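The structure appears below as structure tokens.
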Amino acid sequence: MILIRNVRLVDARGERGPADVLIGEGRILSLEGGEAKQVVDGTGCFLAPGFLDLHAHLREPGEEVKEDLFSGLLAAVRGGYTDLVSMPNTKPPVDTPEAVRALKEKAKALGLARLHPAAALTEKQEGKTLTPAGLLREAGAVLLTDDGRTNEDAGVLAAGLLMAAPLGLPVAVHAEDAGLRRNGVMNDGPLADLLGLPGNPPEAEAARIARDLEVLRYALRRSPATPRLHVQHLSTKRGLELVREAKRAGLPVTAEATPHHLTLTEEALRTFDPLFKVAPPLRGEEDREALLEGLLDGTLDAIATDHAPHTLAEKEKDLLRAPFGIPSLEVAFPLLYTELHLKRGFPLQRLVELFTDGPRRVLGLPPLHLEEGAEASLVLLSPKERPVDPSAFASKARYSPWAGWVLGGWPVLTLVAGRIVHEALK
Ligand SMILES: [Zn+2]
Ligand SMILES: [Zn+2]
């Protein structure tokens, strides 16, 4: 039982308060105060529903040295997440009910962020044979994806959507046409040529998204149930336009954007620093600007991390040999609260919506609002400014493309159904 006084309330519906929030019995008991032995002065802070990440690579099983559920779910709660979706590109890939159950059992024993695991669309994510979606859902899978991997065979993706539709399992795709991407290490264009690096055409992403939207129409026709397509990390202006028009046309497609594609651009590669090597690549300012507009108009349904950790040593190899990936679980919200809300005037309720309601709806889960009687899975954000300090990360990837960045909006308290899983009141 906890009482948070003089705090602002913020969920997708809007900003309210200051108010005194009484939490107990795992729920929000009152928004008009009450009595409690544990009292938190939330002056200047705002309370929001616990966040939910749709795209996190936790490196377990198989590559625990990079990350594992212990470090990953801890980093998650420190980042304000009370719910998280793990990707299946592990060693070996999560494509069986037992693998799904194992992850869920461990996440329950640890009792930090809620694990909602994703399973592969195809066995070993090799893109040839569909997995047993029915059994996977029964075990707890919330979405199917071969992510990491692209889906080159349109027939498999189509069949995948048909298998998933009646199960209510969204199919999330890493939309890049491998044929046109070739083995680009950064965004293709003038800068790539200036740096003498093989480019990955942003059109490679537009091409695959365009294809998939037509494949989705096929699923709509052939399936009795409504299929669900989710475009992962969307990074280009053209890709955004494609999704915007598909939505206008009424297609059941959703999309997410990552913290790095919203704050960084290809320009960051002028040093050949692998810390900025990611898939899909960082794009141009024009693309980044378009995404911000996409966040506002609703074309983008959620902000997902695509938390992809590796070891510092690996990230210290030559740019061409270094792995693709950026970690961000612990900095995602403060980063965007600072760069988008404070510096660009981006609406706070909309930003919070993108970390809550949006992600939950993508999965088909009911929204969690700050209202009396609601489950007390919340996060308290502080305006205090402090730099991103990798050495202090709970995540094992002790590095960051935003290292040193002075940000406000860091979580100082995270609760999962009333239980304190993270506290840094300061
Ligand atoms: Zn991906
Ligand atoms: Zn990914």
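Letters A, B, ... mark the chains of the structure tokens in the order given; residue numbers begin at 1 per chain; ligand numbers begin at 1, in order shown.
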* To do: Tell me which protein, DNA and RNA residues are within 8 Å of stretch 388-403 of chain A, counting only C-alpha atoms, leaving out same-chain ones fewer than 5 positions away, and put them as a list in words.
  =>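 Once the adjacent positions are removed, what remains is residues 65, 66, 67, 71, 72, 74, 75, 275, 276, 309, 310, 311, 312, 326, 327, 328, 330 and 331 of chain A.
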* To do: Mind listing the alpha helix (DSSP H) residues of stretch 108-223 of chain A, per DSSP on the backbone, as an MDAnalysis selection string?
  => chainID A and resid 108:110 133:139 154:164 178:181 190:195 202:222
* **Surrounding residues as a PyMOL selection string, ligand 2, max 10 Å, only C-alpha atoms and all ligand atoms** => chain A and resi 54-57+86-89+145-149+173-174+232-233+258+278-280+304-308+324-326
I need the residues from that last selection saved to file as a PDB file, in the first residue's frame (with C-alpha atoms), if you can.
ATOM      1  CA  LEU A  54       6.692  -4.991 -28.461  1.00  0.00           C
ATOM      2  CA  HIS A  55      10.234  -5.724 -29.594  1.00  0.00           C
ATOM      3  CA  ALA A  56      13.037  -6.828 -27.259  1.00  0.00           C
ATOM      4  CA  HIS A  57      15.864  -9.294 -27.921  1.00  0.00           C
ATOM      5  CA  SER A  86      10.729 -11.224 -26.337  1.00  0.00           C
ATOM      6  CA  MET A  87      11.824 -11.925 -29.891  1.00  0.00           C
ATOM      7  CA  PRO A  88      12.439 -15.510 -31.030  1.00  0.00           C
ATOM      8  CA  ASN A  89      15.784 -15.295 -32.872  1.00  0.00           C
ATOM      9  CA  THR A 145       7.802 -13.307 -36.217  1.00  0.00           C
ATOM     10  CA  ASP A 146      10.895 -14.487 -37.977  1.00  0.00           C
ATOM     11  CA  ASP A 147      12.425 -11.106 -37.095  1.00  0.00           C
ATOM     12  CA  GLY A 148      16.119 -10.868 -37.615  1.00  0.00           C
ATOM     13  CA  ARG A 149      15.202 -12.703 -40.628  1.00  0.00           C
ATOM     14  CA  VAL A 173       7.629  -8.761 -40.148  1.00  0.00           C
ATOM     15  CA  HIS A 174      11.122  -7.350 -40.596  1.00  0.00           C
ATOM     16  CA  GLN A 232       8.433  -3.785 -37.157  1.00  0.00           C
ATOM     17  CA  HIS A 233      10.860  -1.156 -36.834  1.00  0.00           C
ATOM     18  CA  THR A 258      12.278   2.610 -32.519  1.00  0.00           C
ATOM     19  CA  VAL A 278      21.624  -1.274 -36.925  1.00  0.00           C
ATOM     20  CA  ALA A 279      18.966  -3.040 -39.023  1.00  0.00           C
ATOM     21  CA  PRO A 280      17.227  -1.463 -40.708  1.00  0.00           C
ATOM     22  CA  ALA A 304       9.182  -0.388 -29.758  1.00  0.00           C
ATOM     23  CA  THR A 305      12.825  -0.627 -28.719  1.00  0.00           C
ATOM     24  CA  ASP A 306      14.221  -3.411 -30.902  1.00  0.00           C
ATOM     25  CA  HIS A 307      16.584  -3.764 -27.951  1.00  0.00           C
ATOM     26  CA  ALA A 308      19.375  -5.779 -29.620  1.00  0.00           C
ATOM     27  CA  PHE A 324      23.926  -4.973 -36.141  1.00  0.00           C
ATOM     28  CA  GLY A 325      22.050  -3.678 -33.116  1.00  0.00           C
ATOM     29  CA  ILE A 326      21.294  -1.020 -30.526  1.00  0.00           C
TER      30      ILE A 326
END
* Which residue of A:172, A:240, A:300, A:319 approaches ligand 1 most closely, using only C-alpha atoms and all ligand atoms ->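 Nearest to ligand 1: A:172.
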* Using only C-alpha atoms, find the one residue out of A:282, A:303, A:264, A:421 that sits nearest to residue A:199. =>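 Checking each of A:282, A:303, A:264, A:421 against residue A:199, counting only C-alpha atoms, the winner is A:282.
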* Could you tell me, as a PyMOL selection string, which residues of stretch 336-406 of chain A DSSP assigns to strand (DSSP E) when given the backbone? => chain A and resi 378-382+386-387+406
May I have the residues from that selection written out with N, CA, C and O atoms, as a PDB file, in the first residue's frame?
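Printed below is again11.pdb as written:
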ATOM      1  N   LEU A 378       2.155   0.477 -12.854  1.00  0.00           N
ATOM      2  CA  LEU A 378       2.452   1.854 -13.206  1.00  0.00           C
ATOM      3  C   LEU A 378       3.929   2.177 -13.147  1.00  0.00           C
ATOM      4  O   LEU A 378       4.746   1.375 -12.705  1.00  0.00           O
ATOM      5  N   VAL A 379       4.245   3.392 -13.579  1.00  0.00           N
ATOM      6  CA  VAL A 379       5.602   3.895 -13.540  1.00  0.00           C
ATOM      7  C   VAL A 379       5.532   5.382 -13.209  1.00  0.00           C
ATOM      8  O   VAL A 379       4.655   6.102 -13.694  1.00  0.00           O
ATOM      9  N   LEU A 380       6.446   5.828 -12.355  1.00  0.00           N
ATOM     10  CA  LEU A 380       6.506   7.219 -11.938  1.00  0.00           C
ATOM     11  C   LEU A 380       7.725   7.853 -12.592  1.00  0.00           C
ATOM     12  O   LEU A 380       8.853   7.406 -12.369  1.00  0.00           O
ATOM     13  N   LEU A 381       7.495   8.886 -13.402  1.00  0.00           N
ATOM     14  CA  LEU A 381       8.579   9.570 -14.108  1.00  0.00           C
ATOM     15  C   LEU A 381       8.985  10.887 -13.445  1.00  0.00           C
ATOM     16  O   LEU A 381       8.137  11.699 -13.072  1.00  0.00           O
ATOM     17  N   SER A 382      10.293  11.093 -13.323  1.00  0.00           N
ATOM     18  CA  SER A 382      10.841  12.301 -12.717  1.00  0.00           C
ATOM     19  C   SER A 382      11.427  13.238 -13.774  1.00  0.00           C
ATOM     20  O   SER A 382      11.992  12.790 -14.771  1.00  0.00           O
ATOM     21  N   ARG A 386      19.680  13.721 -15.858  1.00  0.00           N
ATOM     22  CA  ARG A 386      20.891  12.966 -15.559  1.00  0.00           C
ATOM     23  C   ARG A 386      21.353  12.322 -16.855  1.00  0.00           C
ATOM     24  O   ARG A 386      20.541  11.982 -17.714  1.00  0.00           O
ATOM     25  N   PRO A 387      22.667  12.150 -17.015  1.00  0.00           N
ATOM     26  CA  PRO A 387      23.225  11.548 -18.226  1.00  0.00           C
ATOM     27  C   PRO A 387      23.085  10.035 -18.346  1.00  0.00           C
ATOM     28  O   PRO A 387      23.021   9.320 -17.344  1.00  0.00           O
ATOM     29  N   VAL A 406      22.278  13.951 -21.679  1.00  0.00           N
ATOM     30  CA  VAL A 406      21.595  14.415 -20.478  1.00  0.00           C
ATOM     31  C   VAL A 406      20.089  14.394 -20.730  1.00  0.00           C
ATOM     32  O   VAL A 406      19.569  15.189 -21.517  1.00  0.00           O
TER      33      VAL A 406
END
* **Contacts of residue A:234 at 12 Å (only C-alpha atoms; same-chain gap of 5+ positions) as number ranges by chain** => A: 172-176, 202, 204-206, 208-209, 239-244, 254-262, 279-283, 287-288, 290-292, 294-295, 299-306
For the selection just defined, write its residues with C-alpha atoms to a file, as a PDB file, in the first residue's frame.
ATOM      1  CA  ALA A 172       5.173  -9.112 -37.289  1.00  0.00           C
ATOM      2  CA  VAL A 173       7.629  -8.761 -40.148  1.00  0.00           C
ATOM      3  CA  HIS A 174      11.122  -7.350 -40.596  1.00  0.00           C
ATOM      4  CA  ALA A 175      10.292  -5.649 -43.887  1.00  0.00           C
ATOM      5  CA  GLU A 176      13.401  -5.449 -46.056  1.00  0.00           C
ATOM      6  CA  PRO A 202      15.754   2.582 -48.081  1.00  0.00           C
ATOM      7  CA  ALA A 204      14.536  -2.097 -49.990  1.00  0.00           C
ATOM      8  CA  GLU A 205      12.243  -1.469 -47.033  1.00  0.00           C
ATOM      9  CA  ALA A 206       9.559   0.279 -49.102  1.00  0.00           C
ATOM     10  CA  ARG A 208       8.996  -5.257 -48.976  1.00  0.00           C
ATOM     11  CA  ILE A 209       6.324  -3.244 -47.142  1.00  0.00           C
ATOM     12  CA  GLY A 239       7.430   3.074 -45.845  1.00  0.00           C
ATOM     13  CA  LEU A 240       5.382   5.350 -43.609  1.00  0.00           C
ATOM     14  CA  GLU A 241       3.403   6.627 -46.609  1.00  0.00           C
ATOM     15  CA  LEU A 242       2.662   3.038 -47.650  1.00  0.00           C
ATOM     16  CA  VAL A 243       1.325   2.196 -44.192  1.00  0.00           C
ATOM     17  CA  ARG A 244      -0.645   5.442 -43.952  1.00  0.00           C
ATOM     18  CA  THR A 254      -0.063  -1.774 -37.513  1.00  0.00           C
ATOM     19  CA  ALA A 255       3.433  -0.323 -37.227  1.00  0.00           C
ATOM     20  CA  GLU A 256       6.104   0.520 -34.662  1.00  0.00           C
ATOM     21  CA  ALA A 257       9.092   2.876 -34.588  1.00  0.00           C
ATOM     22  CA  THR A 258      12.278   2.610 -32.519  1.00  0.00           C
ATOM     23  CA  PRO A 259      14.017   5.189 -30.303  1.00  0.00           C
ATOM     24  CA  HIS A 260      17.054   5.273 -32.595  1.00  0.00           C
ATOM     25  CA  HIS A 261      15.120   5.767 -35.831  1.00  0.00           C
ATOM     26  CA  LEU A 262      13.317   8.618 -34.063  1.00  0.00           C
ATOM     27  CA  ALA A 279      18.966  -3.040 -39.023  1.00  0.00           C
ATOM     28  CA  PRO A 280      17.227  -1.463 -40.708  1.00  0.00           C
ATOM     29  CA  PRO A 281      19.847   1.345 -40.938  1.00  0.00           C
ATOM     30  CA  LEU A 282      19.546   4.833 -39.516  1.00  0.00           C
ATOM     31  CA  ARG A 283      18.015   6.958 -42.281  1.00  0.00           C
ATOM     32  CA  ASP A 287      12.845  10.052 -42.839  1.00  0.00           C
ATOM     33  CA  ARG A 288      13.209  10.800 -39.124  1.00  0.00           C
ATOM     34  CA  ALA A 290       8.406  11.921 -41.342  1.00  0.00           C
ATOM     35  CA  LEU A 291       8.300   9.335 -38.547  1.00  0.00           C
ATOM     36  CA  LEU A 292       7.692  12.033 -35.945  1.00  0.00           C
ATOM     37  CA  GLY A 294       3.662   9.523 -38.259  1.00  0.00           C
ATOM     38  CA  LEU A 295       3.746   9.266 -34.466  1.00  0.00           C
ATOM     39  CA  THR A 299       0.059   6.027 -38.590  1.00  0.00           C
ATOM     40  CA  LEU A 300       2.578   4.604 -36.131  1.00  0.00           C
ATOM     41  CA  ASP A 301       0.795   2.631 -33.412  1.00  0.00           C
ATOM     42  CA  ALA A 302       3.648   2.191 -30.996  1.00  0.00           C
ATOM     43  CA  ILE A 303       7.231   2.865 -30.059  1.00  0.00           C
ATOM     44  CA  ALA A 304       9.182  -0.388 -29.758  1.00  0.00           C
ATOM     45  CA  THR A 305      12.825  -0.627 -28.719  1.00  0.00           C
ATOM     46  CA  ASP A 306      14.221  -3.411 -30.902  1.00  0.00           C
TER      47      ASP A 306
END
* Nearby residues (only C-alpha atoms) at most 7 Å from residue A:19, same-chain spacing under 2 positions excluded, as a PyMOL selection string -> chain A and resi 5-8+17+21+31-32
Neighbours of residue A:341 within 12 Å (only C-alpha atoms; same-chain residues fewer than 5 positions away dropped), as an mmCIF file with N, CA, C and O atoms, in the first residue's frame?
data_model
loop_
_atom_site.group_PDB
_atom_site.id
_atom_site.type_symbol
_atom_site.label_atom_id
_atom_site.label_comp_id
_atom_site.auth_asym_id
_atom_site.auth_seq_id
_atom_site.Cartn_x
_atom_site.Cartn_y
_atom_site.Cartn_z
ATOM 1 N N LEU A 292 8.252 11.226 -37.021
ATOM 2 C CA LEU A 292 7.692 12.033 -35.945
ATOM 3 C C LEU A 292 6.264 12.434 -36.298
ATOM 4 O O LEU A 292 5.377 12.411 -35.446
ATOM 5 N N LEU A 296 2.511 11.346 -34.549
ATOM 6 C CA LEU A 296 1.411 12.258 -34.264
ATOM 7 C C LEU A 296 0.082 11.901 -34.910
ATOM 8 O O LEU A 296 -0.934 11.822 -34.221
ATOM 9 N N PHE A 333 12.287 5.565 -22.890
ATOM 10 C CA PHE A 333 11.354 6.628 -22.527
ATOM 11 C C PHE A 333 12.006 7.971 -22.213
ATOM 12 O O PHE A 333 11.617 8.994 -22.772
ATOM 13 N N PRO A 334 12.988 7.996 -21.296
ATOM 14 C CA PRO A 334 13.604 9.296 -21.012
ATOM 15 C C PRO A 334 14.163 9.953 -22.274
ATOM 16 O O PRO A 334 14.071 11.173 -22.442
ATOM 17 N N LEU A 335 14.719 9.137 -23.166
ATOM 18 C CA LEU A 335 15.287 9.638 -24.418
ATOM 19 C C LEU A 335 14.226 10.394 -25.216
ATOM 20 O O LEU A 335 14.419 11.547 -25.595
ATOM 21 N N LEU A 336 13.093 9.744 -25.460
ATOM 22 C CA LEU A 336 12.028 10.361 -26.237
ATOM 23 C C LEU A 336 11.262 11.447 -25.493
ATOM 24 O O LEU A 336 10.736 12.372 -26.108
ATOM 25 N N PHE A 346 6.250 17.677 -28.506
ATOM 26 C CA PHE A 346 5.410 16.515 -28.787
ATOM 27 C C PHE A 346 4.489 16.299 -27.578
ATOM 28 O O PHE A 346 4.934 16.348 -26.434
ATOM 29 N N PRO A 347 3.191 16.068 -27.816
ATOM 30 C CA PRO A 347 2.214 15.853 -26.738
ATOM 31 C C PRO A 347 2.559 14.692 -25.795
ATOM 32 O O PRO A 347 2.768 13.562 -26.240
ATOM 33 N N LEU A 348 2.595 14.973 -24.495
ATOM 34 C CA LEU A 348 2.922 13.959 -23.492
ATOM 35 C C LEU A 348 1.954 12.779 -23.475
ATOM 36 O O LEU A 348 2.376 11.622 -23.418
ATOM 37 N N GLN A 349 0.657 13.061 -23.514
ATOM 38 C CA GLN A 349 -0.321 11.982 -23.481
ATOM 39 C C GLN A 349 -0.164 11.069 -24.687
ATOM 40 O O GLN A 349 -0.370 9.859 -24.593
ATOM 41 N N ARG A 350 0.203 11.648 -25.823
ATOM 42 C CA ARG A 350 0.385 10.862 -27.032
ATOM 43 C C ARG A 350 1.656 10.021 -26.918
ATOM 44 O O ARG A 350 1.693 8.881 -27.385
ATOM 45 N N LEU A 351 2.695 10.579 -26.299
ATOM 46 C CA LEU A 351 3.943 9.836 -26.133
ATOM 47 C C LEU A 351 3.684 8.645 -25.215
ATOM 48 O O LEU A 351 4.115 7.528 -25.492
ATOM 49 N N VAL A 352 2.963 8.892 -24.126
ATOM 50 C CA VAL A 352 2.639 7.838 -23.174
ATOM 51 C C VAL A 352 1.757 6.783 -23.840
ATOM 52 O O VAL A 352 1.917 5.585 -23.595
ATOM 53 N N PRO A 383 11.288 14.557 -13.569
ATOM 54 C CA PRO A 383 11.816 15.546 -14.515
ATOM 55 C C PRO A 383 13.323 15.776 -14.351
ATOM 56 O O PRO A 383 13.955 16.422 -15.182
ATOM 57 N N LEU A 407 19.393 13.487 -20.050
ATOM 58 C CA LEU A 407 17.956 13.333 -20.239
ATOM 59 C C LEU A 407 17.125 13.479 -18.980
ATOM 60 O O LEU A 407 17.592 13.225 -17.873
ATOM 61 N N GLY A 408 15.875 13.881 -19.176
ATOM 62 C CA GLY A 408 14.940 14.000 -18.078
ATOM 63 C C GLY A 408 13.901 12.922 -18.342
ATOM 64 O O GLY A 408 13.969 12.245 -19.371
ATOM 65 N N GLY A 409 12.954 12.736 -17.431
ATOM 66 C CA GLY A 409 11.930 11.730 -17.648
ATOM 67 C C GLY A 409 12.289 10.294 -17.299
ATOM 68 O O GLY A 409 11.638 9.365 -17.776
#
* Asked: Do you have the atom CA of residue A:100-atom CA of residue A:422 distance handy?
  ->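 Value for the atom CA of residue A:100-atom CA of residue A:422 distance: 25.7 Å.
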* **Nearest residue to residue A:236 from the set A:193, A:285, A:252, A:273 (distances using only C-alpha atoms)** =>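 Checking each of A:193, A:285, A:252, A:273 against residue A:236, counting only C-alpha atoms, the winner is A:285.
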* Atom pair atom CA of residue A:364 / atom CA of residue A:46: separation (Å) ->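 The value is 26.4 Å.
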Between stretch 161-240 of chain A and stretch 129-143 of chain A, at 10 Å or less, what are the per-residue closest atom pairs and their distances in Å? Count only C-alpha atoms, order by chain and rising residue number, and return it as JSON lines.
{"residue": "A:163", "atom": "CA", "partner": "A:133", "partner_atom": "CA", "distance": 7.1}
{"residue": "A:164", "atom": "CA", "partner": "A:133", "partner_atom": "CA", "distance": 6.8}
{"residue": "A:166", "atom": "CA", "partner": "A:134", "partner_atom": "CA", "distance": 9.4}
{"residue": "A:167", "atom": "CA", "partner": "A:134", "partner_atom": "CA", "distance": 6.9}
{"residue": "A:168", "atom": "CA", "partner": "A:142", "partner_atom": "CA", "distance": 8.5}
{"residue": "A:169", "atom": "CA", "partner": "A:143", "partner_atom": "CA", "distance": 5.0}
{"residue": "A:170", "atom": "CA", "partner": "A:143", "partner_atom": "CA", "distance": 5.1}
{"residue": "A:171", "atom": "CA", "partner": "A:143", "partner_atom": "CA", "distance": 6.0}
{"residue": "A:172", "atom": "CA", "partner": "A:143", "partner_atom": "CA", "distance": 7.1}
{"residue": "A:228", "atom": "CA", "partner": "A:143", "partner_atom": "CA", "distance": 9.7}
{"residue": "A:230", "atom": "CA", "partner": "A:143", "partner_atom": "CA", "distance": 9.4}
Could you turn the residues from that selection into a file that holds N, CA and C atoms, as an mmCIF file, in the first residue's frame?
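Contents of out13.cif, as written:
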data_model
loop_
_atom_site.group_PDB
_atom_site.id
_atom_site.type_symbol
_atom_site.label_atom_id
_atom_site.label_comp_id
_atom_site.auth_asym_id
_atom_site.auth_seq_id
_atom_site.Cartn_x
_atom_site.Cartn_y
_atom_site.Cartn_z
ATOM 1 N N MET A 163 -2.817 -18.913 -41.143
ATOM 2 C CA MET A 163 -2.734 -19.759 -39.956
ATOM 3 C C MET A 163 -2.953 -18.929 -38.691
ATOM 4 N N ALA A 164 -2.412 -17.717 -38.688
ATOM 5 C CA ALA A 164 -2.497 -16.834 -37.533
ATOM 6 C C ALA A 164 -3.821 -16.118 -37.310
ATOM 7 N N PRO A 166 -7.154 -16.792 -37.352
ATOM 8 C CA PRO A 166 -8.131 -17.336 -36.402
ATOM 9 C C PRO A 166 -7.627 -17.467 -34.968
ATOM 10 N N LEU A 167 -6.312 -17.416 -34.789
ATOM 11 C CA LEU A 167 -5.728 -17.536 -33.462
ATOM 12 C C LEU A 167 -5.559 -16.169 -32.813
ATOM 13 N N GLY A 168 -5.814 -15.113 -33.578
ATOM 14 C CA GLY A 168 -5.670 -13.774 -33.041
ATOM 15 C C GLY A 168 -4.216 -13.390 -32.827
ATOM 16 N N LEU A 169 -3.307 -14.141 -33.445
ATOM 17 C CA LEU A 169 -1.875 -13.875 -33.335
ATOM 18 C C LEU A 169 -1.393 -12.960 -34.455
ATOM 19 N N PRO A 170 -0.904 -11.761 -34.109
ATOM 20 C CA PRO A 170 -0.427 -10.866 -35.166
ATOM 21 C C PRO A 170 0.860 -11.428 -35.768
ATOM 22 N N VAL A 171 1.095 -11.147 -37.041
ATOM 23 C CA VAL A 171 2.322 -11.596 -37.669
ATOM 24 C C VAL A 171 3.150 -10.339 -37.872
ATOM 25 N N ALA A 172 4.287 -10.266 -37.186
ATOM 26 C CA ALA A 172 5.173 -9.112 -37.289
ATOM 27 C C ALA A 172 6.304 -9.447 -38.251
ATOM 28 N N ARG A 228 -3.813 -10.139 -39.021
ATOM 29 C CA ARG A 228 -3.130 -8.983 -38.455
ATOM 30 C C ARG A 228 -1.669 -8.934 -38.877
ATOM 31 N N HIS A 230 1.890 -6.711 -38.605
ATOM 32 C CA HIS A 230 2.562 -5.673 -37.838
ATOM 33 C C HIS A 230 3.938 -5.421 -38.441
#
* Contacts of residue A:112 within 12 Å, only C-alpha atoms, excl. fewer than 6 positions in-chain, as a list in words ->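 Using only C-alpha atoms, the neighbours found are residues 69, 70, 71, 72, 73, 74, 75, 76, 77, 78, 79, 80, 81, 82, 83, 84, 104, 106, 377, 414, 415, 416, 417, 418, 419, 420, 421 and 422 of chain A.
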* Structure fact -> Computed gap from atom CA of residue A:27 to atom CA of residue A:368 is 11.4 Å
* Asked: Using only C-alpha atoms and all ligand atoms, which of A:159, A:231, A:4, A:23 sits nearest ligand 1?
  -> A:231
* Pick from A:344, A:356, A:162, A:150: nearest to ligand 1, with only C-alpha atoms and all ligand atoms counted? ->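 Among A:344, A:356, A:162, A:150, it is A:150 that comes nearest to ligand 1.
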* To do: Determine the nearest neighbour of residue A:357 from the options A:45, A:115, A:370, A:144, counting only C-alpha atoms.
  =>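 Checking each candidate against residue A:357, we get A:370 as the closest.
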